[PDB]
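Below is one structure; the comments refer to it alone.
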Amino acid sequence: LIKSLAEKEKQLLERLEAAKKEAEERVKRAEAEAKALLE
Amino acid sequence: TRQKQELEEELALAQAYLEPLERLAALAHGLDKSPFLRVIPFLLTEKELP
């Protein structure tokens, strides 16, 4: 109830980091489609 | 005199809850100020935890 809870909350925050990276991935594919359609 | 009275009051208030705050912080060292869980600590009575 100290070390496991600290590491679990850390792992929850890491999953939130993965969600922010996949939102950045969606920004990336929006950029890719914008440049490809303009070309 | 003001500094001495304030320091004596501060030393008394620190000594009134010195070891128990340390023990509660050592117990609650994983969620101290995490934004999902408030930890109500209570310096409560003897072994009637049920």
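Chains: A, B, ... in order of the structure tokens. Residues: from 1 per chain. Ligands: from 1, in order shown.
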
Given a cut-off of 12 Å, which residues of chain A touch chain B, counting only C-alpha atoms, written out as an MDAnalysis selection string?
chainID A and resid 1:10 12:13

Residues near residue 43 (chain B), cut-off 12 Å, only C-alpha atoms, skip fewer than 3 positions along chain, as number ranges by chain
B: 16-21, 23-24, 40, 46

State, in Å with one decimal place, the distance from CA of residue 21 (chain A) to CA of residue 34 (chain A).
19.8 Å
